[PDB]
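S.K.: Pasting in a structure now, in structure tokens, and then I'll have a few things to ask.
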Amino acid sequence: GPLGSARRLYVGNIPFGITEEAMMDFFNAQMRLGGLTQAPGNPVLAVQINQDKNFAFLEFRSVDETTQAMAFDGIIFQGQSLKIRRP
Ligand SMILES: [Zn+2]
Ligand SMILES: [Zn+2]
């Protein structure tokens, strides 16, 4: 991509009551700690949490970073195993 869909991932099984910001911050921090970025700055632009099917869509600033974040399928966040997939 992109294609705009090439900059988004589905993330399932998110902790009930989590906020957009908390999710964004966690992915940003964790992706950076893990070296999943090659460019300076934060990969995640936005998080849209669905009405509440316990899922969200993450939007990334780049197609590369979106791809790298696939590595985080099954990452534990606030006691939950996140399910990460292409949309
Ligand atoms: Zn923050
Ligand atoms: Zn929002």
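Readers should treat all values here as calculations from the given coordinates under stated rules, not as data from a laboratory. Every residue, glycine among them, receives a Cβ derived from its backbone with ideal geometry; neighbour counts consider all protein chains shown.
S.K.: Condition first: over 15 Å from residue 83 (Cα atoms), within 13 Å of ligand 2 (Cβ to nearest atom) and of a type outside the set (D, E, K, R). Now tell me which residues in the range 19-46 satisfy that.
M.R.: Within the range 19-46, 19, 22, 24, 44, 45, 46 meet the criteria.
S.K.: I've got another one for you. Across the range 25-38, what is the total count of residues that are over 18 Å from residue 67 (Cβ atoms) and either part of a loop (DSSP other than H, G, I, E, B) or under 9 Å from the mean Cα position of the chain (by Cα) (or both)?
M.R.: 1
S.K.: Restricting the range 64-76 to residues that are loosely packed, with under 15 Cβ neighbours inside 10 Å and in contact (Cβ under 8 Å) with a residue 12 or more places away in the chain, which is nearest to residue 14 (Cα to Cα)?
M.R.: Ranking the candidates gives 73 first.
S.K.: Moving on to the next point. What pairs come out if I take residues in the range 36-51 that are of a type outside the set (D, E, K, R) and pair them with residues that are in a loop (DSSP other than H, G, I, E, B) and exposed (fewer than 15 other Cβ atoms within 10 Å of the Cβ) whose C-beta lies under 9 Å away, six or more apart or interchain?
M.R.: Close Cβ pairs satisfying both conditions: 47/19; 49/19.
S.K.: Here's something else I'd like to know. Go through the range 1-28 and count every residue that is surrounded by 12 or more Cβ atoms within 10 Å (Cβ to Cβ) and within 16 Å of ligand 1 (Cβ to nearest atom).
M.R.: Of the residues in that region, 9 qualify.
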